[PDB]
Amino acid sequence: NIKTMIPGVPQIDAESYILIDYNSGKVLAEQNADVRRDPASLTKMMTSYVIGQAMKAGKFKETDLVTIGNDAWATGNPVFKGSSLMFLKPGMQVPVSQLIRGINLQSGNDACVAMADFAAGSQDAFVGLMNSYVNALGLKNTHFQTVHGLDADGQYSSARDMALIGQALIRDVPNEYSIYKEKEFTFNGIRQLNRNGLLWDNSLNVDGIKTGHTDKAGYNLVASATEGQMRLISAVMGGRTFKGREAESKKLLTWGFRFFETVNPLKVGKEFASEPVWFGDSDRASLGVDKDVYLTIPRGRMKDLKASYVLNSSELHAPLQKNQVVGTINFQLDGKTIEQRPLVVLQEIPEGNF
């Protein structure tokens, strides 16, 4: 009973939430995770993702100066009334490094415009890139209309989708993601604090990602934290109170680490199994995976994990291509398969030549 316990999920004072494992993608807990909601500044994770991709591709670098245009003039555009702002003015020449911290640390709406025009020519073209990555990432309940996440009539996302955008930032653009734990930066002689309060919570190792409020969105937070081999991502959307804006997410993350763990039982290129092969230059095929296996299991069950496999075909016949799928690996706990991963050929086996 203690081994097989299913933990009760804490009550979360928000419209929707999800808690996932960064490495395995396992969903640990969820409520209304696919409900479409106003994303507020969570939009800026996608803005940041696009900028990170452009930097990874070498389109510009952190030291490059961006010349601020009229559309990013904080006090020249009443759309910015009451929003988080660097107070950019036209003609300023600001390093990319400073603008991306304005976006990431401070959720500067004006910085978002400045970077969008710099990276993509216009806000509309930048929003096209955002939505292109929505498609690339397979997100089913997200659509952006602007570069900053101010409430927009046809813009939406969901707790699942924002968690997946967080996962994507950490995974695909780690140099961009490393910025999010920085507690402060300085622009125009003024120190600006990272708005993610959880960075200062001694009880967790939180290192991201985005907190944000608008009137329609309520309190929103995508947080990520680590403990040993383990990284969790929480998305909590439509948080109902000011006092719960960090605490509700802290409840989820703390619960996650207490009841679950991440195991990495197999890495790419390492032999999980061997099988005979016919017609080859080798008599045996070395079999494993083409992607590191991460599983999320109840905490302390690692010693109970078992693994076995099945094969698609009776016989293996050369030529066998590298990463050719030949079976399935079943990972098991208490006699029941909990996870499956493709079993693939690790080293090519062409037809024998003698």
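In case it trips you up, residue 1 is the first one in the sequence shown, and so on.
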| query | finding |
| --- | --- |
| Higher-scoring stretch by recorded Cα B factor average, 35 to 43 or 296 to 304 | 296 to 304 |
| Residue stretch of maximal mean CA temperature factor, 215 to 223 vs 111 to 119 | 215 to 223 |
| Most elevated Cα B-factor in the entry, residues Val173, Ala163, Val277, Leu85 | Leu85 |
| Maximum C-alpha temperature factor, selected from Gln167, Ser234, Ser158, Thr186 | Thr186 |
| Third of chain Cα B-factors occupied by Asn70 | highest |
| Cα B factor band for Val27 (lowest, middle or highest third within the chain) | lowest |
| Position of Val344 among the chain's modelled residues by C-alpha B-factor, lowest, middle or highest third | lowest |
| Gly91 by Cα B-factor - lowest, middle or highest third of the modelled chain | highest |
| Where the record places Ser286 (Cα B-factor, split into thirds across the chain) | middle |
